[PDB]
Amino acid sequence: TXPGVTXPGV
Amino acid sequence: XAXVXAXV
DNA sequence: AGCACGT
DNA sequence: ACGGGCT
Ligand SMILES: *C(=O)c1cnc2ccccc2n1
Ligand SMILES: *C(=O)c1cnc2ccccc2n1
Ligand SMILES: [Co+2]
Ligand SMILES: [Co+2]
Ligand SMILES: [Co+2]
């Protein structure tokens with residue numbers, strides 16, 4: 001995720 | 001068809 | 001550690 | 001038919 005907690009996605 | 005990690 | 005997608 | 005991307 002995020003970052004943090006890429007995206008999703010990317 | 002989707003590209004969320006592969007995008008086929 | 002943290003995330004499910006459709007042409 | 002297919003696996004990506006940093007705080
Ligand atoms: C894209 O729409 C799509 C749907 N199903 C799949 C299954 C397996 C590989 C790629 C796929 N892409
Ligand atoms: C991308 O690398 C990837 C891997 N697994 C998945 C599962 C479900 C939806 C999307 C996905 N993308
Ligand atoms: Co599907
Ligand atoms: Co897979
Ligand atoms: Co991966």
Side-chain angles (χ1 to χ4, degrees):
Chain A
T1 66
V5 99
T6 65
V10 100
Chain B
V4 284
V8 283

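Only this structure's heavy atoms are used, side chains among them; waters, hydrogens and symmetry mates stay out. Reminder, nothing fancy here: chain letters follow the sequence lines and each chain counts from 1.
The partner of D/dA1, taking Watson-Crick or G-U wobble pairs whose two distances both stay under 3.5 Å, does not exist in any strand shown.
Nearest nucleotide to the B/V4 side chain, out of C/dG6, D/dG4, D/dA1: D/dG4. Here the side chain of A/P3 is nearest to one of D/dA1, D/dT7, C/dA4, namely D/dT7.
For D/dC2 and C/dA4, the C1' atoms lie 13 Å apart once the distance is rounded to whole Å. Spacing between C/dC3 and D/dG3 at atom P, rounded to whole Å, works out to 22 Å.
Annotated as anti: C/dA1, whose glycosidic dihedral deviates from 0 by more than 90°.
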